[PDB]
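Novice: Fold the following, please.
(5 chains, ligands or ions: 5)
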Amino acid sequence: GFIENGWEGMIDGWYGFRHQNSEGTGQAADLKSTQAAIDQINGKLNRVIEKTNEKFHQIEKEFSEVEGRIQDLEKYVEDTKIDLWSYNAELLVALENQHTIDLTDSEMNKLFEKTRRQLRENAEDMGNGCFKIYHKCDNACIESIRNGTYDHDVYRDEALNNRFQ
Amino acid sequence: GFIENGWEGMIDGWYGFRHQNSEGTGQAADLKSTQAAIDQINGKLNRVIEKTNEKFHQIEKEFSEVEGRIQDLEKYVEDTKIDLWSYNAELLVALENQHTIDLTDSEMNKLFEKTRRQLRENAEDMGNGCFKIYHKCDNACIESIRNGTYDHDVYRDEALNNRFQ
Amino acid sequence: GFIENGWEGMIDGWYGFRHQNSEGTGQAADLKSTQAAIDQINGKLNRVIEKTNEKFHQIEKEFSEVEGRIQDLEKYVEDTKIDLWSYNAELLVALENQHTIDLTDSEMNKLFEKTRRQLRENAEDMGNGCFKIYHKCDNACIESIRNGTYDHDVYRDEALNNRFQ
Amino acid sequence: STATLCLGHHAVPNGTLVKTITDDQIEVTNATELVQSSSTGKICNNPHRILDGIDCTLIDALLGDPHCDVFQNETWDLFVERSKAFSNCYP
Amino acid sequence: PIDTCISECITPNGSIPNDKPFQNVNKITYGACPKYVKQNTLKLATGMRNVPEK
Ligand SMILES: *[C@@H]1O[C@H](CO)[C@@H](O[C@@H]2O[C@H](CO)[C@@H](O)[C@H](O)[C@H]2NC(C)=O)[C@H](O)[C@H]1NC(C)=O
Ligand SMILES: *[C@@H]1O[C@H](CO)[C@@H](O)[C@H](O)[C@H]1NC(C)=O
Ligand SMILES: *[C@@H]1O[C@H](CO)[C@@H](O)[C@H](O)[C@H]1NC(C)=O
Ligand SMILES: *[C@@H]1O[C@H](CO)[C@@H](O)[C@H](O)[C@H]1NC(C)=O
Ligand SMILES: *[C@@H]1O[C@H](CO)[C@@H](O)[C@H](O)[C@H]1NC(C)=O
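Specialist: Numbering: from 1, shown residues only, chains lettered A, B, ... in the order given. Ligands and ions are numbered 1, 2, ... in the order given. Here you go, the structure:
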């Protein structure tokens, strides 16, 4: 979406930060969002199809000779079951893939919004998914942003001065 | 999410406001969003499974003796139908619960955004789902916010002065 | 939602802009979002139900006389298949319609947010889905907004002066 | 000098654990049961014309077994056949 | 045993109410009955995500 590009250099996690300040460019991964998405994905098929059911004695499904009515009925029953289960599989896979994609997009958006809310007035969204912060933000500042304990109040004056002159 | 806590003291509705100003803390519920969610939930099963279908004469499903092919076929048909309907029930309940949860989250977010749009520049989102309004906002002001007729223009100067000094 | 009204005068696309500035009111459609939604909708049924399966020889489904067990079994099999397929059709149509509606709402919101991010500080969201831009924005400006190359930096000073006086 | 306005949603002390697409067990405020797993143990005699076959099988009532003489010309919407039915005529 | 009462759905286990769409009593049914499934319980959420205090 507004990220426009993935990071093949990101191997630490699924979603993460790339920061650039006076000290220098650094990169880290956000473990909580990646872990949440993986946890929500790790099952996703045992929660609907609990397991393989256990079938022991069934009808005959292959015939040598030609009987008539009963063989036709058996063939019809097997064909109906096969078609219905194929439709169930197709629909289930399509729905799960669509929901998984929407879920990961929502997780990315949630991480972006959480970061934006940490930087209340100290940063501006440049629109390409990357924040321009309007004050001195060192590596401790950046890891506090990543930590979730960024104190926006103590940079409010400097940030507002940088923004509105 | 960003609310981080529900209000067990809220019995008036599902979603509502808790305000604190000079006069004193007050609480009210937003009837429109709660009613919308309840209305969208009130059915939600008659709209897919219209009703119970009516079955009068069926096959035998319990057998005393052992016939052979035909009893095997009857057992197979009943087992196939039971398994398919169990899968349908499981998948339907899972999908409806997931969609209901997403729906209620979206309704909460919509109420929050509607309130934020009423308070154009007069308030700032503190990030914990709670607005700090930057002007005199009495109980009439608060009930106008809750009403949806909050006039942001007449507090714009005072709010901007409180914000940007 | 926050648009509150559709535009029957819009025939160019599904989602679009209506601008009003000093020159005069103009209207255009956004082709990318409309095309994306149409592309995602154009299939949406071949991707689950690939095609009509091909059935050649089946059981008898209409009977003249009364045989007994076997005719009862055939009637039961046909009735079970018909009921299951009716439920599959009903559920599929309901789910696809719900997801399509959510998809179009999300596309509208995405277009709105993209426009808002183009106008970083130069415009304010009036809350009815319509932006008040706080600087001279001529037809070239508007078509740059629609284009996606709106340069917010060169109007930043004038916009901030109009906003905060 | 400034006001404050928090937003929230109602909760409950105890919630019900349901199952979704992405969770085996997730807690919600309210939930309804969808599977009827209990029965009253008795057969309601309306709106369906029930015919309790006391000691009589369907074929025994059809043929005219003496202890089934009471079932002549009977009609039913559902014929309920008891396990205690027996034959007492020519084998 | 037969009873003097109103019910649209009859199983060998007796009459059952047909307000719910599924039942786990018996696969043998008569009337406007719910569908038989192998699961004894399926809870449908009729409320929001529950996040209590503390
Ligand atoms: C969850 O929803 C159900 C369905 O409305 C509620 O159960 C009903 O509550 C009303 C309230 O007066 C009673 O009259 C009904 O008899 C209840 N139905 C049953 C089957 O008991 C339930 O109270 C709701 N629970 C919560 C926590 O919201
Ligand atoms: C991050 O924050 C947590 C809790 O606020 C703290 O315990 C930790 O020391 C911080 N720094 C890290 C994890 O590097
Ligand atoms: C709320 O607004 C409506 C319409 O704007 C008005 O009729 C009503 O008097 C207001 N106050 C309330 C409902 O207390
Ligand atoms: C819109 O932008 C594109 C690429 O930035 C450019 O090629 C084009 O000339 C612009 N104007 C249009 C399409 O009217
Ligand atoms: C309600 O909550 C209490 C404690 O949280 C728990 O013990 C109980 O099982 C819950 N349900 C009812 C019906 O009391």
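Novice: What's the nearest residue in chain E when you look at ligand 2?
Specialist: residue E:54 (19.1 Å; Cβ to the nearest ligand atom). Placement of C-beta: from N, CA and C, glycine included.
Novice: OK, contacts around the residue nearest to residue D:38 when sequence neighbours are not counted?
Specialist: Closest residue to residue D:38 apart from its sequence neighbours, by Cβ to Cβ, 6 or more residues apart in numbering or on different chains: residue E:25 at 7.4 Å. Listed by Cβ atoms under 8 Å, 6 or more residues apart in numbering or on different chains, the contact set of residue E:25 reads D:36-39, E:11, E:13, E:16.
Novice: how about the strands in chain A?
Specialist: Secondary structure of chain A, counting by DSSP state E: strands at A:15-19, A:26-30, A:123-125, A:131-133.
Novice: Can you give me the buried ones in the first one?
Specialist: Buried residues in strand A:15-19, counting neighbours by 16 or more other Cβ atoms under 10 Å in any protein chain shown, are found at A:15-17, A:19.
Novice: so how far is chain A from the residue of chain D found nearest ligand 4?
Specialist: In chain D, the residue that lies nearest ligand 4 is residue D:22 (39.7 Å; Cβ to the nearest ligand atom). According to Cβ to the nearest Cβ, to the nearest Å, residue D:22 and chain A sit 4 Å apart.
Novice: The residue nearest to that residue when sequence neighbours are not counted: how many residues sit nearby?
Specialist: Leaving aside its chain neighbours, residue D:22 sits nearest to residue A:40 (4.3 Å; criterion: Cβ to Cβ, 6+ apart). Number of residues near residue A:40 (other Cβ atoms under 10 Å in any protein chain shown) recorded here: 17.
Novice: State the distance from residue A:40 to residue B:92.
Specialist: 20 Å (Cβ to Cβ, to the nearest Å).
Novice: same thing with residue A:13?
Specialist: Counting by Cβ to Cβ - residue A:13 and residue B:92 are separated by 35 Å.
Novice: Show me the residue at the heart of chain D, geometrically.
Specialist: A centroid search over chain D (Cα atoms, centre = their mean) returns residue D:39, at 5.0 Å, as the residue closest to the centre.
Novice: Let me know whether that one touches residue E:12 as I believe.
Specialist: No. At 9.3 Å, residue D:39 does not count as touching residue E:12 under the criterion of Cβ atoms under 8 Å.
Novice: which residue sits closest to the residue in chain D positioned nearest to chain C, ignoring its sequence neighbours?
Specialist: Nearest residue of chain D to chain C: residue D:21, at 12.1 Å (Cβ to the nearest Cβ). Of all residues not flanking residue D:21 in the chain, residue B:98 sits nearest, at 4.5 Å (Cβ to Cβ, 6+ apart).
Novice: Now do stretch A:7-24: everything it contacts.
Specialist: By Cβ under 8 Å, 6+ apart, stretch A:7-24 touches A:25-31, A:33-34, A:37-38, A:104, A:107-108, A:111, A:115, A:136-139, A:141-142, A:145-146.
Novice: I meant to write stretch E:3-11 there.
Specialist: B:52, D:39-40, D:42-48, D:78, E:15-18, E:23, E:25-26, E:28-34.
Novice: can you give me the helices for chain D?
Specialist: D:58-63 (DSSP state H).
Novice: Pick out the residue in it sitting closest to ligand 1.
Specialist: residue D:30 (3.7 Å).
Novice: residue contacts, that residue?
Specialist: Residue D:30 neighbours (Cβ under 8 Å, 6+ apart): D:12, D:16, E:45-47.
Novice: Could you list every helix and strand in contact with the longest strand that chain D contains?
Specialist: Counting by DSSP E, the longest strand found in chain D is strand D:3-9. When contacts are defined as 3 or more Cβ pairs under 8 Å, 6 or more residues apart in numbering or on different chains; DSSP states H and E, strand D:3-9 sits against strand B:15-20, helix B:69-118, strand B:130-133, helix B:139-147.
Novice: Residue numbers of chain D in contact with chain E?
Specialist: D:9-19, D:26-48, D:50, D:52, D:78, D:80 (Cβ under 8 Å from any Cβ of the partner chain).
Novice: ok, back up a step: want to try JSON lines for the helices and strands packed on strand D:3-9, with distance to ligand 2 as columns?
Specialist: Converted to JSON lines, the helices and strands packed on strand D:3-9 look like this (distance: least, Cβ to the nearest ligand atom, whole Å):
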{"stretch": "strand B:15-20", "distance to ligand 2": "27"}
{"stretch": "helix B:69-118", "distance to ligand 2": "26"}
{"stretch": "strand B:130-133", "distance to ligand 2": "21"}
{"stretch": "helix B:139-147", "distance to ligand 2": "34"}
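Novice: Mind checking the ones you listed for the one nearest to ligand 1?
Specialist: Closest among the helices and strands packed on strand D:3-9, once you apply Cβ to the nearest ligand atom, is helix B:69-118, at 12.6 Å.
Novice: Give the other helices and strands that the closest one contacts.
Specialist: Partner elements for helix B:69-118 (3+ Cβ pairs under 8 Å, 6+ apart): helix A:69-118, strand B:15-20, helix B:31-42, helix C:69-118, strand D:3-9, strand D:26-28, strand E:35-36, strand E:43-45.
Novice: these two touch, right, residue A:133 and residue A:125?
Specialist: No. In this structure residue A:133 lies outside contact range of residue A:125 using Cβ under 8 Å: 10.8 Å.
Novice: what about the longest strand belonging to chain E, distance to the chain center?
Specialist: Ordering each strand of chain E by length in residues (DSSP E) puts strand E:2-6 first. Computed by Cα atoms, centre = their mean, to the nearest Å, the chain-centroid distance of strand E:2-6 equals 19 Å.
Novice: how about it as PDB, C-alpha atoms only?
Specialist: This file holds the C-alpha atoms of strand E:2-6, laid out as PDB (Å, rounded to 0.1, in the frame of the first residue of the first chain):
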ATOM      1  CA  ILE E   2     -46.300 -39.500  24.500                       C
ATOM      2  CA  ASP E   3     -47.200 -36.100  26.000                       C
ATOM      3  CA  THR E   4     -49.800 -33.300  25.600                       C
ATOM      4  CA  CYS E   5     -47.600 -30.500  24.400                       C
ATOM      5  CA  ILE E   6     -46.600 -28.500  21.300                       C
END
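Novice: any idea how far the residue nearest the centre of chain E lies from chain A?
Specialist: With distances taken as Cα atoms, centre = their mean, residue E:23 lies nearest the centre of chain E, 4.0 Å away. Distance, residue E:23 to chain A, using Cβ to the nearest Cβ: 20 Å.
Novice: what are the phi and psi angles of that residue?
Specialist: phi -140, psi 150 (degrees, to the nearest 10).
Novice: go on, the one 4 residues further on?
Specialist: Here is the backbone geometry of residue E:27 (degrees, to the nearest 10): phi -80, psi -10.
Novice: so what's whichever residue of chain D sits closest to ligand 2 closest to, chain neighbours aside?
Specialist: Closest approach between chain D and ligand 2, counting by Cβ to the nearest ligand atom: residue D:6, at 22.7 Å. In this structure, residue D:6 finds its nearest non-sequential neighbour in residue B:130, 3.3 Å apart by Cβ to Cβ, 6+ apart.
Novice: burial of that neighbour, as a residue count?
Specialist: Neighbours of residue B:130 (other Cβ under 10 Å): 20.
Novice: wait, isn't it in contact with residue B:124?
Specialist: No. The pair residue B:130 / residue B:124 is not scored as a contact, 10.2 Å apart, by Cβ under 8 Å.
Novice: State the distance from the residue positioned nearest the centre of chain A to residue A:112.
Specialist: Centrality entry for chain A: nearest residue to the mean C-alpha point is residue A:104, 2.1 Å, by Cα atoms, centre = their mean. Distance, residue A:104 to residue A:112, using Cβ to Cβ: 13 Å.
Novice: now swap in residue D:57 and tell me
Specialist: In terms of Cβ to Cβ, residue D:57 sits 74 Å off from residue A:112.
Novice: Residue E:15 contacts residue D:43, correct?
Specialist: Yes. Counting by Cβ under 8 Å, residue D:43 is a contact partner of residue E:15 at 5.5 Å.
Novice: which one is whichever residue of chain D sits closest to chain B nearest to, not counting chain neighbours?
Specialist: Using Cβ to the nearest Cβ, the single residue of chain D nearest to chain B is residue D:11, 2.2 Å away. Counting by Cβ to Cβ, 6+ apart, residue B:6 is the residue found nearest to residue D:11 once chain neighbours are left out, at 2.2 Å.
Novice: Fine by me, thanks again.
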